[PDB]
Every structure is written in structure tokens, then in C-alpha cells.
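Read the single chain below, which is given as C-alpha cells and is the form deposited in one PDB entry.
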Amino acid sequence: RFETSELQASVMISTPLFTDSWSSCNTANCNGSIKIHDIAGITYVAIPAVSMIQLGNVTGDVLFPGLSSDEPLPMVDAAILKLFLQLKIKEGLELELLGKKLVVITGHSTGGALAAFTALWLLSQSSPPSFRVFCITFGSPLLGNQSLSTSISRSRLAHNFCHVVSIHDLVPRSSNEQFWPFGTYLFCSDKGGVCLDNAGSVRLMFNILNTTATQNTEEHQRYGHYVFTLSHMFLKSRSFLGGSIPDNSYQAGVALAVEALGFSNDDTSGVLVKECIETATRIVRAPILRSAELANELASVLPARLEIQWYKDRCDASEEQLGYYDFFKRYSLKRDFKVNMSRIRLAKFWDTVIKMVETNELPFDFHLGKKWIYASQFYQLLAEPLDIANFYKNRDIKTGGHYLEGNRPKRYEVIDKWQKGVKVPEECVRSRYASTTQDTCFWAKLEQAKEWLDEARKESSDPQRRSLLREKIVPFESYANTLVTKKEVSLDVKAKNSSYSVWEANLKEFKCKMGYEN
């Protein structure tokens, strides 16, 4: 219920690292070379700024699995990457990262861009660095891309990037629209600083500053004076009346922020800044309360999963022994219709939950809720086979996409990531067959293997072609046998009339007929 941007700026200013990074950067500027040192238990990588630079602007040399090549490739400037390559700081940090737990990369202008790119390379790896990485670069150029910014956004590494820019600094402002900001950008002023996390808010602030007539060429001395006065601001307080103080907390906080950044409350540009600060903070219901409502919705949906489990048990107990997957594929009883009702209700609920998870109306640690992970795992184990059975029933013969190659709900991907977040499963030998199949795509792979075997028996008569097909089916049947031995498949797979049994019989007959045994 308060414009915390000023509070966040004050928190970051009061931090000793705010002054330590500035001191390290000044020492590096005096030295002119890469400075590695440890102050107050924290190590700072201080890359000196390079005067000459031309930031005009998959990667064989650069290892950044976070670039998100699937989305339009991020246009990283040629100068920044060519510098990162040519200073050869990689060997240096690898021989310096040994036995370190906390590191705060520091830089200024081009040095700040170097620090930001080095950090981005550090976190954008297959394995995250053991040492915690932070960025305190100030004055760095706005170089970047919308794709790169959104990649850092979904990577949840924007918070690790903190940048301080003065109200009169032009180096970040003088950039092309192709360079999109990412991370936390703070617009420090003489009176106070304001933190802006939203990329759109930062872009709007940059635009309004460009329209503003700010003329300060010697930005280094301004940065020094600003860090000094901000470090020594907590000692002396002020009235902070903000002229006519509004009764409303939101308006009063916004006006205080506007006064802190220098602009007058009644100034026209000050009024625009007031409006953008008002629009900066999103007004939604508290995520903690929404978590409880999601818990209640999960409790309400749970009986539908109980009824779908009851249907599965009844289908298993059926005398036909056809298999609940095959029973759902051959929908002739109203039970299939109502169980489709239940599964569609579950799918709708879980899609809503995942969508709201993505949009951030919930605590960031929602996936780490343990209970939600187990609920998602149970849902996936009890629903997805039926979803793929329905898809295959509605799948035309010409529709060869199957379920492995696309046509898989994104909710299942997110659930798979959440189960990737669980502890290591205990390798306890199952006394009896598992209640549900551990693999959530086993049936689709079985369907693909059935298609391959049918192709073999109606094509590839050429022994070698058939032989290659047999070589294709043998690893899958070996995998299935291993799954059976560990008892990771329910009784439906072992059903006499089950698709798996018929497929195995056809495989045995084909092996006998070609004489491919052993």
C-alpha cells in the first residue's frame, strides 16, 4: 500500500556495498587495469572502462544457453562481446573464482557494460555458479535487446542486476531503441534516488529525461558527488513535507518520490513523473491471500480427481482386461463421457493455476511449495495418459505429429520442471506393480512403436530396411522390459487385451518370421 521504489532505493543506498563498489571502481580507474580484491568479506571484479568503443550491434565461442535462440536472437553489441573476448578475462575469473562464495562485479560506463556482460555470461550457463553474483555497474550504456531483456526476465536473473544512473547522465540515454533495458535501473538524483524495475517504466523515464533539458557533460564528478551525498544522507533528515501533503498514502508517496528525484510536485514534467510513478506499481490482490484461494480451488477440484481415479480402478477391475487407456480410446460407455468431463475440469483448473503462476500474482516460491509439486505430480500421473488417449482417438491417420513431437500442453512442461525440482527418488525395489505409470509419455511412445512395427510389417520388406526398423524397436522393448522389472508400470500395461500385449505379440511374430532373433 506504498510506493516502495523510494524505500528500495534507500535500502540499496544504506548497504555498505553501495560505497564499496564505488571505491573499488575509483581504485580501478586510477589503476587502469583489472582489479581483484576482497573488502569486508566480498570480492569485487573491477574492470576498467575502455574509452574507445563502437556498440554498433548460434554463438560458437560464447556459451550463453540463456540467449533464447528460439525467440528472435538478442542483438548483443559487437564491441561488448569483442572486448569480453579480447581482454581474456575468462581465464582470470576462473583462476580467481576458486574458493569464493560472494562476488560483486563492479564497473563504470564501458567498464560497467563489461561487468554486466561478464556477469550475464556467468549466470547464463548449464550449471549456475556456486558463488553468488551481483552487479553494481553505474553509468553503463543502455546496450541490449528486447529478446535479451525478456530472456533475463524469464531466467529470473534481472534482480541480480542493479544499476545507478544520474538524472543528468546521457551515456545510457543516448542509445538506440534496439537497446532494451533489463534488470533494476535506479534514477539517482541530488535530493534522492528512485528505483525502477519495469522495463517500460525505465524506458518512459529515459524518454522524459531526453525531453528534459539536462546538461552535465562531466558525469564522473556528478557520480562521485551523488554517491557521497547518498552515503551521507541518512545522517541528516528533512521535513519531507512535499508542499501540500495529500491525505491519500499513494499520492503522498508519489509526491515524495517526485520531490526526491528533484522534479517539483506541481511541475508539468513533475506531474508526468507523478503519473508514471503512480502507474509504476501494479495494484492487485496480495499474492499470499491468492495462494490460499488457490489452495481452496485445489481442494474443490480434488474430488474430481478422486472420481477419475475411481473410474480408472473400475476400468482396471473390468472383466474385458482391455486397459483403461484402451477403454478411454474406445469410448462407448457414458463413464467415458463423464470422465472426459472430469479431466477437462482438471485441465482447466491447472491451466488457470499455471497461467496465474506465470503472470506473478503469487509468491515467487510458489513452485517450491512442496505440496503443490506433489499435487501436480499426482495430476500428471492420473490425467496425461487420458489426455493423450483422447488426442489419439481424435487424431486422424494423416496426423503424424503424435504426442512426443509437439501437441503437448505447456502445463505438463511446467509440472515436469516442478517434479525436476524434487529430491532424488529412493531406489527402493517395488514389492508389487506401481499404482500409476512413472513415465507420463510411455503410452505415446508405445503408440509410436506400434506405428513403426506396422510400417515394418507393411513396408521395408528389404531385409536391411526391416533390419534397421528392428534395430529401432529393440531398444524400446528393452526399455519396456526394464520398466516392467522395476514395476514402474501398472497392471494395465500387463493386461491380456492391452495394446502393449498385442504389440509385444506382433513383435514376437515378426521376429520369428524374419528370423532376426539373436
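Each form is matched to the other, and the largest set of C-alpha atoms that superpose within 1.5 Å is called the rigid core. One rule holds for the numbers: they count along the sequence shown, beginning at 1.
Another form exists, deposited in another entry; not displayed. Remarks below refer to it.
Visitor: Superpose on the rigid core and name the single residue from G183, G242, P141, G192 whose Cα moves by 2 angstroms or more between this form and the one not shown.
Guide: Comparing the C-alpha positions, the one residue that moves 2 Å or more is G242.
Visitor: Determine, after fitting the two forms on their core, whether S460 shows a C-alpha shift of 2 Å or more between this form and the one not shown.
Guide: It does shift by 2 Å or more.
Visitor: Establish whether a shift of 2 Å or more occurs at the C-alpha of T211 between this form and the one not shown, with the two forms superposed on the rigid core.
Guide: The answer is no, as the C-alpha of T211 shifts between this form and the one not shown by less than 2 Å after core alignment.
Visitor: Is there a C-alpha shift of 2 Å or more at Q221 between this form and the one not shown once the rigid core is superposed?
Guide: Yes; that C-alpha moves by at least 2 Å between this form and the one not shown.
Visitor: Classify the change in Cα distance between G242 and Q8 in the other form as closer or farther, relative to the shown form (magnitude of 3 Å or more).
Guide: Their C-alpha distance grows by at least 3 Å in the other form.
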